[PDB]
Protein chains: 2
Amino acid sequence: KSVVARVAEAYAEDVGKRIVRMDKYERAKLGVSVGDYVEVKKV
Amino acid sequence: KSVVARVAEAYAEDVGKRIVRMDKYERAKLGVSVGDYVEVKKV
């Protein structure tokens, strides 16, 4: 399944870390858990 | 354009808002700004 989400900016401490922050709803809808890798592209 | 990134948990503030926080480096690779919509898929 594919989840659409709106891009928000990173917190200063996260700038540079190659992470994507998403909540438990988008994580359950994707089938991923914290530490997994996901593919992101522009709508 | 599509980027692979690593899932981290969201701030409590952001839970339920269907947002994704990514920094300026991944935004430049995606060719998106803050407020654009992206598609997230499991790798």
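For this coordinate set, the PDB header names X-ray crystallography as the determination method and states a resolution of 2.3140 Å.

What about the interface of chain A and chain B?
Interface size, as often reported, equals the accessible area lost upon joining of the parts. At the junction of the two partners, chain A supplies 40 residues and chain B supplies 39 residues. Carbon and sulfur atoms supply 56% of the area buried between chain A and chain B, which totals about 4400 Å² over both sides. One can count two salt bridges joining chain A with chain B. Linking A:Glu26 and B:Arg18 is a salt bridge whose minimum nitrogen-to-oxygen distance equals 3.7 Å. At the junction of chain A and chain B, the tally comes to 27 residue pairs in polar contact. When the residues that make up the side of chain A that touches chain B are grouped by side-chain class, the tally is 19 nonpolar, five polar and 16 charged.

A few points about the pairing of strand β1 (residues 3–8) of chain A
Sheet analysis places β1(A) next to strand β3 (residues 37–42) of chain B, joined by four bridges and oriented antiparallel. Bridging from a neighbouring strand, A:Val3 pairs with B:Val40 of β3(B). Here β1(A) pairs with strand β2 (residues 19–21) of chain B via three bridges, running parallel. Residue pairing in the sheet places A:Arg6 in a bridge with B:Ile19 of β2(B).

Each value, and the rule that gives it
- Residues numbered from 1 in each chain as written, not as in the entry; some residues may be left out.
- Chains lettered and ligands numbered in written order.
- Heavy atoms only, no water.
- Contact = heavy atoms within 4.5 Å.
- Buried area = accessible area lost by both parts, 1.4 Å probe.
- Salt bridge = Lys/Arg side-chain N within 4 Å of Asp/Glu carboxyl O.
- Polar contact = N/O pair within 3.5 Å; in protein donor to acceptor, adjacent residues only side chain to side chain.
- Nonpolar A, V, L, I, M, F, W, Y, C, P; charged D, E, K, R; others polar.
- Pairing = 2+ DSSP bridges.
- Helix = DSSP H or I, 4+ residues; strand = E, 2+ residues; numbered from the N terminus.

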